[PDB]
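Inspection log for the structure reproduced underneath, given as structure tokens.
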Amino acid sequence: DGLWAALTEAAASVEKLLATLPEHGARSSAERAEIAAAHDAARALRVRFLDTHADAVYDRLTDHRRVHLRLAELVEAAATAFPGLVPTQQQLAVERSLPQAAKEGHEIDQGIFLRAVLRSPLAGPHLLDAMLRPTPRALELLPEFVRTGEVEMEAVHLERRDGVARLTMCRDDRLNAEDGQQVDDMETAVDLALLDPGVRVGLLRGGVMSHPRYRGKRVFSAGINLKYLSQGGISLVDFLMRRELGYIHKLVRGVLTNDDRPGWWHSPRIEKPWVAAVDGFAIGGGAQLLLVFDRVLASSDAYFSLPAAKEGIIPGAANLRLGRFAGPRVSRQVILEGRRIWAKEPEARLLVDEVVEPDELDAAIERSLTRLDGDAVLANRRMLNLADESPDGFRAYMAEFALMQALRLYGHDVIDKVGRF
Amino acid sequence: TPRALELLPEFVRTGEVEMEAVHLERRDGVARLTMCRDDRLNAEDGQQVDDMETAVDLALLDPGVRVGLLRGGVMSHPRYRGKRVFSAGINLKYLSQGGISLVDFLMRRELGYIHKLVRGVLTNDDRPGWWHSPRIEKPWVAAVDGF
Ligand SMILES: CC(C)(COP(=O)(O)OP(=O)(O)OC[C@H]1O[C@@H](n2cnc3c(N)ncnc32)[C@H](O)[C@@H]1OP(=O)(O)O)[C@@H](O)C(=O)NCCC(=O)NCCNC(=O)Cc1cc(O)cc(O)c1
Ligand SMILES: CC(C)(COP(=O)(O)OP(=O)(O)OC[C@H]1O[C@@H](n2cnc3c(N)ncnc32)[C@H](O)[C@@H]1OP(=O)(O)O)[C@@H](O)C(=O)NCCC(=O)NCCNC(=O)Cc1cc(O)cc(O)c1
């Protein structure tokens, strides 16, 4: 064995190499190659080590799959129990304080870690269920929401009404560009909607924009905040992975609660149907969202796209779900070639259920909400999602994604492009 | 139009004519008419009709022009700044104001430049082939930005 011993050395070899070497972006060609080869040797051992001990490394962190740990708590606990395997909060604070172009790419190690974990028929499912449990922040807010029916947050406005959980993305100044805080609010909101007995159906829509170019008009989503990403503010674990295993997965499978109510023996997770209403446009992570709703409406002037065909990161789980909606040809036209799909063209019905003139939209959205109220919709929706996406499929995809994305999150072509927005 | 006759020699020489509602420019054999009321999304009015007809007349009378193109230009209004907009129709404000003329606007555009887009301009018997083509017509291309 002695793989740990080896890794600890490869890591040390790197850790000390960075202390003597000059600051990133001031290094010479011979220097960049040395630190590069060092990281490479370190990372290769991380894979080799986990390929045979991932389960043991995980059993120790979760007391043999007896304690559920969300993504952040897992990697943090991994950092302290296995120095060198993944970056400490400290190592990561230094990284988060540098613009993307100058990071050492320590997150990649977390990518290596989560891939091995997720690949296990034992740990992966356990980690997924962990992410399906309600956020502690939502539990805190649950009593006040059940009473007020209102919760204002930084990126989302939640309001209960007529049995509908109305989530409104309200970053009026940046066309709802996504960031870490938006993911926390989205998950918090989704958790509240699913935990409130007063809520029967959920609705996600964008609110009025204040920016001069869209003043007075609604805009669903302009995707990830490219400025922050360039700035080094987009977290692999806390943003990219958290949204896929968190609130987006809960939109599909609901929230795993404790055995604390009747029927839990047949429904451990509380799920509910969701409606998405797209105003203006849905780009990137926003268009990504759509592949998970029970109902989708859009105003006649909107379009859908995953633009970074060139130099972008992987469009989340779209590579996993789009084929199902559009077939492999259109799927590759949208993601590999960047084809944008307008609401009024025939193929938009592969993604949207209903397209309406902006002055008929609100009415159509209301009518949509009231058609998904019953228990028949709940049963049917659960069986359909079960057939459309299996536990293994989602898991295997999210496994390779963890790493593949980690790598794209530090690709020179991506960093460069993002720096020009 | 008499106004086009006046401007014909200067257009044949410069290949450019700036007007209040339209910008005409000859290039690569193309008569490029640009509706440029950047502040009101090219809302139509009496002056725009005079310019449109004047422009169409010039395009059809210039031997240097083979094909015509009509397009809207960049808007300055905050809601469309930097983007092109073809036409938002008649100026509703003026119409309310009593500034839309039945004869000079509504009828003039239909029997004037719009009919010339279809049948060309009837000239005098002052050139060969006039016996088989009294009107000079040319093909037109329209490019619509925004709406
Ligand atoms: C939407 C637009 C076409 C609008 O054009 P316009 O009408 O020309 O408005 P603009 O003047 O450009 O922008 C209005 C306003 O919003 C801001 N804006 C617009 N888009 C953005 C983004 N993406 N981030 C931040 N701010 C933005 C823009 O900076 C303006 O403010 P100012 O810069 O101060 O002027 C434009 O903003 C644009 O091209 N944005 C690029 C959209 C984009 O490419 N997003 C990339 C998406 N890529 C992903 O989501 C990747 C991803 C996301 C995920 O969530 C998960 C995942 O796994 C992968
Ligand atoms: C185009 C619009 C939808 C744009 O919406 P927005 O993005 O909301 O821009 P807005 O803020 O409304 O307008 C931008 C700007 O352009 C101005 N604008 C827009 N449309 C017009 C019109 N039609 N006239 C004058 N000014 C206009 C508008 O007043 C704004 O400036 P401010 O008032 O100071 O704010 C809106 O402007 C609009 O609804 N215009 C109504 C368009 C219309 O109905 N035209 C009526 C057409 N009816 C005919 O052409 C009839 C006709 C014409 C003929 O030529 C011949 C004939 O026989 C018959």
Side-chain angles (χ1 to χ4, degrees), chain A residues 171-180 182-183 186 209-212 214-217 219-231 233-236 239-244 248 280-289 301 303 305-320 335 338 340 358-359 398 401-402 404-406 408-409 414 418 420-421, chain B residues 37-46 48-49 52 75-78 80-83 85-97 99-102 105-110 114 146-147:
Chain A
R171 287 264 202 176
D172 47 66
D173 62 304
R174 72 197 67 177
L175 282 29
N176 289 313
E178 316 170 295
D179 60 48
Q182 186 255 11
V183 165
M186 282 308 294
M209 293 298 100
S210 62
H211 182 286
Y214 295 76
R215 181 163 292 131
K217 304 180 68 181
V219 171
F220 187 81
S221 169
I224 211 169
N225 189 301
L226 295 169
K227 290 171 181 169
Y228 286 24
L229 177 60
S230 189
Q231 278 157 44
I234 296 305
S235 174
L236 173 66
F239 183 90
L240 296 173
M241 295 294 306
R242 181 181 180 182
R243 74 194 293 283
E244 303 312 314
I248 300 181
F281 49 68
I283 314 179
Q288 300 182 190
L289 295 175
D301 83 305
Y303 62 86
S305 77
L306 297 175
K310 344 229 51 176
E311 300 135 308
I313 59 179
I314 294 164
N319 304 53
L320 168 66
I335 304 183
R340 155 160 70 170
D359 280 320
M398 286 310 304
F401 180 83
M404 290 303 293
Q405 201 72 142
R408 300 296 304 135
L409 187 60
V414 160
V418 180
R420 304 184 296 242
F421 184 72
Chain B
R37 287 264 202 176
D38 47 66
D39 62 304
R40 72 197 67 177
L41 282 29
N42 289 313
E44 316 170 295
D45 60 48
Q48 186 255 11
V49 165
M52 282 308 294
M75 293 298 100
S76 62
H77 182 286
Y80 295 76
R81 181 163 292 131
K83 304 180 68 181
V85 171
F86 187 81
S87 169
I90 211 169
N91 189 301
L92 295 169
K93 290 171 181 169
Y94 286 24
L95 177 60
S96 189
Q97 278 157 44
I100 296 305
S101 174
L102 173 66
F105 183 90
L106 296 173
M107 295 294 306
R108 181 181 180 182
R109 74 194 293 283
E110 303 312 314
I114 300 181
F147 49 68

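First the proteins, then the strands, lettered A, B, ... as listed; each starts at 1. The basis for the numbers below is simple: all heavy atoms, side chains too, and nothing from hydrogens, waters or symmetry mates. First listed ligand is number 1; within each ligand, the first listed atom is number 1.
- Of the candidates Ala308(A), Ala282(A), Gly312(A), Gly284(A), the one placing a heavy atom closest to atom 47 (C) of ligand 1 is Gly284(A).
- Between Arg40(B) and ligand 2, no pair of N/O atoms sits closer than 3.5 Å.
- Near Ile283(A), meaning under 4.0 Å from one of its heavy atoms, ligand 1 places the atoms 1 (C).
- Taking only nitrogen or oxygen atoms, main chain and side chain alike, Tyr214(A) reaches within less than 3.5 Å of ligand 1.
- Considering both main-chain and side-chain atoms, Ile224(A) comes within under 3.5 Å of ligand 1 through a nitrogen or oxygen pair.
- Here the side chains of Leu175(A) and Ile283(A) are not in contact, with every heavy-atom distance at 4.5 Å or above.
- Listed for the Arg243(A) side chain is no donor-acceptor partner under 3.5 Å among the backbone atoms of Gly316(A).
- Atoms of ligand 1 lying under 4.0 Å from any heavy atom of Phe281(A), numbered from 1 in the order shown and given with element: 1 (C).
- Only the backbone of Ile314(A) comes within 4.0 Å of ligand 1, judged by heavy-atom distances.
- The ligand atoms of ligand 1 that sit less than 4.0 angstrom from a heavy atom of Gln405(A) are 58 (O).
- Distance check, rounded to the nearest 0.5 Å: CD of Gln231(A) to CG of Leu226(A) gives 11.0 Å.
- Between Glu44(B) and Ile90(B), the closest heavy-atom pair is OE1-N, 3.3 Å.
- Listed for the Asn176(A) side chain is a donor-acceptor partner under 3.5 Å among the backbone atoms of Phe220(A).
- When the heavy atoms of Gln288(A), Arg81(B), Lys227(A) are ranked by distance to atom 29 (O) of ligand 1, first place goes to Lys227(A).
- Near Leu41(B), meaning under 4.0 Å from one of its heavy atoms, ligand 2 places the atoms 14 (C), 16 (O), 19 (C).
- Within ligand 2, the atoms closer than 4.0 Å to a non-hydrogen atom of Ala88(B) are 20 (N), 23 (N), 42 (C), 43 (C), 45 (N), numbered from 1 in the order shown.
- Close N/O approach between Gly89(B) and ligand 2 is not found [any backbone or side-chain N/O within under 3.5 Å].
- Closest approach of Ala282(A) and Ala287(A) over heavy atoms only: O-CB, 3.3 Å.
- Not a single N or O atom of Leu240(A), backbone or side chain, sits closer than 3.5 Å to an N or O atom of ligand 1.
- Residue contact annotation: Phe147(B) has a non-hydrogen atom under 4.0 Å from ligand 2.
- Every atom of ligand 2 with a heavy atom of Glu44(B) under 4.0 Å away is listed here by number and element: 53 (C), 54 (C), 55 (O).
- Taking both residues in full, the closest heavy atoms of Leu240(A) and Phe401(A) are given as O-CE2, 4.2 Å, listed atom of the first, atom of the second, then distance.
- Ligand 2 has at least one atom lying under 4.0 Å from a heavy atom of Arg109(B).
- Between atom 46 (C) of ligand 2 and the options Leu95(B), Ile100(B), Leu92(B), the minimum heavy-atom separation is to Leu92(B).
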